[PDB]
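Letters go in sequence order (proteins before strands), and every chain restarts at 1. FYI, side chains are in, hydrogens and waters are out, and symmetry mates aren't considered; it's all heavy atoms of this structure.
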Amino acid sequence: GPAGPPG
Amino acid sequence: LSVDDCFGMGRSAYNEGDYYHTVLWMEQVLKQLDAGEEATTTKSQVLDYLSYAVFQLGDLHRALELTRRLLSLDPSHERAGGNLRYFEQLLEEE
């Protein structure tokens with residue numbers, strides 16, 4: 001999958 | 001609610017895995033930024049949440065469009081480049 005924002 | 005308050009709402013939604021509500025909040029933020037309203041939140045920040053959330057709803061083409069915009073405004077964005085490659089790969093498979 002894609003990498004989203006940490007937090 | 002200020003622009004930054006809407007951003008915090010969308011970020012809170014995201015942190016709980018409520019991607020549908022992340023989209024709604026972030027679309028509101030992006031509307032206000034694109035209309036020229038001032039905030040500490042940047043278009044790049046909004047697009048990063050918005051692109052991922054849209055992809056979680058199942059919308060590859062929109063997620064790709066948003067990621068390309070993100071990269072246009074933020075070329076050294078760590079994850080946007082990797083995401084663009086991943087999404088472009090999915091696009092070739094369909």
Is the shortest side-chain heavy-atom distance between [X] and [Y] below 4.5 Å?
X	Y	value
B/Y86	B/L91	no
B/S51	B/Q56	no
B/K43	B/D74	no
A/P2	B/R79	no

**Prompt:** Are the side chain of B/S12 and the backbone N or O of B/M9 linked by a donor-acceptor pair below 3.5 Å?
**Reply:** no

**Message:** Quick one: does any side-chain atom of B/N83 pair with a main-chain N or O of A/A3 as donor and acceptor, under 3.5 Å?
**Reply:** yes

Going from [atom1] on [X] to [atom2] on [Y], what distance comes out if it is rounded to the nearest 0.5 angstrom?
X	Y	atom1	atom2	result
B/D4	B/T40	CG	OG1	3.5 Å
B/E78	B/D48	CD	CG	9.0 Å
B/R69	B/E65	CZ	CD	9.0 Å
B/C6	B/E37	SG	CD	9.0 Å
B/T41	B/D5	OG1	CG	9.5 Å

**Item:** For B/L30, the rest of its hydrophobic cluster, which grows through side-chain links under 4.5 angstrom
**Value:** B/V3, B/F7, B/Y14, B/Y19, B/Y20, B/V23, B/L24, B/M26, B/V29, B/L33, B/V46, B/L47, B/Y49, B/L50, B/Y52, B/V54, B/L57, B/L66, B/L70, B/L73

**Message:** Can you tell whether the side chains of B/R85 and B/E92 come within less than 4.0 Å, N to carboxylate O?
**Reply:** no

**Complete:** Heavy-atom nearest pair, B/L71 first then B/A80, reads CD1-CB, 4.1 Å

**Item:** salt bridge (charged side-chain N to carboxylate O under 4.0 Å, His left out) contacts in which one or both residues fall within residues 9-20 of chain B, not counting sequence neighbours
**Value:** none

**Message:** Between B/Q28 and B/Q32, do the side chains contain a donor N or O and an acceptor N or O under 3.5 Å apart?
**Reply:** yes

**Listed partners of B/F55 passing ring pair (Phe, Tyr, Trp, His ring centres under 6.0 Å), at least two apart** = B/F87

